[PDB]
Each structure stands twice: as structure tokens, then as C-alpha cells.
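Below you will find one chain, with nothing else, as C-alpha cells; this is the form deposited in one PDB entry, and questions on how it binds or moves follow later.
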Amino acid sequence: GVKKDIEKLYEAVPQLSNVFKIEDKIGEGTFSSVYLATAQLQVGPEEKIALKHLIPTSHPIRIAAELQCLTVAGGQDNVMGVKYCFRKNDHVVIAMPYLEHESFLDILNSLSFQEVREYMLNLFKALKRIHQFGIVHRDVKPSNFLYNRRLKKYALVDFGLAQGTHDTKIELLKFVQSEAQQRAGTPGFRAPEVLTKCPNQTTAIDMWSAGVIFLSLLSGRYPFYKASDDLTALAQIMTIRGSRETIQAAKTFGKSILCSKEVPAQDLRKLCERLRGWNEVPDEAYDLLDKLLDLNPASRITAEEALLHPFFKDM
């Protein structure tokens, strides 16, 4: 089972044997698996470590890019850092500090309103950090934002899908080809300019994604947009934000959307309250949500703007 995987991991990357007691599998995705391990630090303490084993069909550029995002931007502001990295031919293992975290589903409908504010504050700190460096995460969603409720710690992880802004400070991100030019994420967290294959895609796409998270938090529903492909996510979006509004906003980025059934935009407070200090959620909450789910990527709020939103007065 997992035992056979661990053994194959050791056999794939012999140096791990000299360093890690690999204890468990804690993650599996299309492009990597992640293990819980314990090691000894030269400085004294034993430390719990997350080992991300990347699939060996991965391009070395793609591998280096994720590693570089972690090296350069990580370690600070709720962005996961890297301790070390080990390779043996096509097998690369990235070693990170392990953060014990909740399941999003699990704590979803038990969080206090203050914990929601705090969660969103701390996510925007991480997005602020990565966006400074010109990193578009492209996969912002609760499984990639690790949350320890007890210690109140957070970490944005998984740069396996990252791309660079045209002026990215992460030199290697320039070699990741645009999906738009010719690795997809989860349709449900993808902004409309992404869903419609807009060639220009900016850090605003991550801000939409944090808007989708906030929406799950305010409504008590996750996954909010359950879709197996991009246009299904788009049809669902038009149901929330209105099809006229979406068709209008898509023109401003070069896309023409035809929808046969006109649906109206929902008031965000009503939608969330019908779905769901929860007795006095301030207007500012729904106001921030509206700015994150701005269908126009140019006017959509930025991460440093969000942190200055009155929703976060005074933290």
C-alpha cells in the first residue's frame, strides 16, 4: 500500500535513506505525491518534514520553476519555504517544513466569523508576497492553502502550475508556456478570462480564486462551483454574477460570449445568507467579495488593495 510507495521512494532517491524516516503519505495529485517524514536538525531538534516527490515525467524547467518560486518568494508571509531538495536522475524530492492542517470541508461550517476574517487576511498576505515577485500561482484553492487553526498558521503551497507576469522577477517562469498560447487547474477556481482562454493572464486571476474561497466561507458551501470543465464553471459563474454582466466584461478582454438563457446577477448578501458573529456580518464583507469577484480583470481588486479594505479594520 503506502508502505510499498515509501520503499519505492527510497529506492528512487537513495540519499533520502541517509536522512529521513519517511512515515506516511499525506498527499497525492496528478503531478506529485507528498509524504510525512521526520529528520534530525544539526541544531538539535527533530523536525517534521513534508517531502514532495514530483512525477518523473515532469520537465526539469517546470521542476526548477516551482523550486525557484519556493526559494525566492517562500519562507515568509504565509508562503511555504523549502529546506532542501534531492535528485536522482528524473526523480526530484522537495523537502519543506511540515504544517499540520485542517481539511477545509471539515472546519468550513464551524469557523467563527473572526476566524474567517483572519483566514482571508492571511491569504492576502501570501498573495501580496508572491505577486510582488511577479508570480501568478494559478491554483489558489483551499487544498493549496494550508491552515492550522490551533496555532493560527498558514501557508500557500504548490507552485507546480505557476506562471510569470511579463516582468516576473522569477527568471525561470518565462519558460512556462501559456496555457493560452497552447497544466490545467480546477475549473471551479478559475477566473472568467482564464475560463475563456484569454491570452493575457495576470495576478488578478489569483484574486478571483481567493474570491471563490471567500464565497465558500460566507455561504458555508464547498466546493462552491462544482464543474468538470471550464465552460460549465463559466455557466455557473453567470448564474451568480449575471450573464449580461459577464458578457459585458468579456468584451473588454477580447472575448465574445453568447449565452442562450439570460440569468440575473445575485445580491451577494442574500445569496450567502440563504445558503448558510454570523448574525452581524458587516456590509464590508460582501463589498470585498464583490471586488474579488469582479468580472473585469483590470478593475478587480489587488492583494495589497484587499489588505487595506475596511473589512480588515483594524487588524
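Shifts are known only where both forms have a C-alpha. A residue's number is simply how far along the shown sequence it sits, counting from 1. The term rigid core refers to the maximal set of C-alpha atoms that superpose within 1.5 Å between the two forms.
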- Select one of none, 1 to 3, 4 to 9, or 10 or more to describe the deposited residues without coordinates separating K251 and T252. none
- Item | Between the two ranges 139 to 147 and 196 to 204, the one averaging a larger CA B factor in the entry | 196 to 204
- With reference to the PDB entry, specify whether the mean Cα temperature factor is higher for 39 to 47 or for 279 to 287. 39 to 47
- Item | Member of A95, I107, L156, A210 with the greatest C-alpha B factor (per the PDB record) | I107
- Highest Cα B-factor in the deposition, which of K128, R183, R241, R221? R183
- CA B-factor ranking of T168, expressed as a third of its chain: highest
- Query: Once the chain's modelled residues are ordered by C-alpha B factor and cut into thirds, is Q236 in the lowest, middle or highest one?
  - Reply: lowest
- Which third, lowest, middle or highest, does the CA B-factor of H91 fall in along this chain? middle
- Message: Using the temperature factors of the C-alpha atoms in this entry, rank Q76 within its chain: lowest, middle or highest third.
- Response: highest
- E23 - Cα temperature factor, lowest/middle/highest third of chain: highest
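Not pictured, yet referred to below: the form deposited with a partner chain bound.
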- Item | Triple contact flag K25, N78 and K153 to the partner chain in the deposited bound form, non-hydrogen atom at 4.5 angstroms | no
- Message: Just checking whether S112 would be counted as a contact of the partner chain in the deposited bound form - the rule being heavy atoms within 4.5 angstroms.
- Response: no
- Message: Under a 4.5 Å heavy atom criterion, is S103 part of the interface with the partner chain in the deposited bound form?
- Response: no
- Query: Given that the partner is absent here, does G134 sit within 4.5 Å of the partner chain in the deposited bound form, heavy atoms only?
  - Reply: no
- Message: Please tell me whether any heavy atom belonging to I55 falls inside 4.5 Å of a heavy atom of the partner chain, as the geometry stands in the deposited bound form.
- Response: yes
- Among 116 to 124, 145 to 153, 206 to 214, 160 to 168, which stretch sits within 4.5 Å of the partner chain in the deposited bound form, heavy atoms only? 160 to 168
- Query: Just one of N89, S103, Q177, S110 has a C-alpha that shifts by 2 Å or more between this form and the one not shown on a rigid core fit; which is it?
  - Reply: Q177
- Task: Give me the stretches of at least three consecutive residues whose Cα atoms move by 2 Å or more between this form and the one not shown once the core is superposed.
- Result: 177 to 182
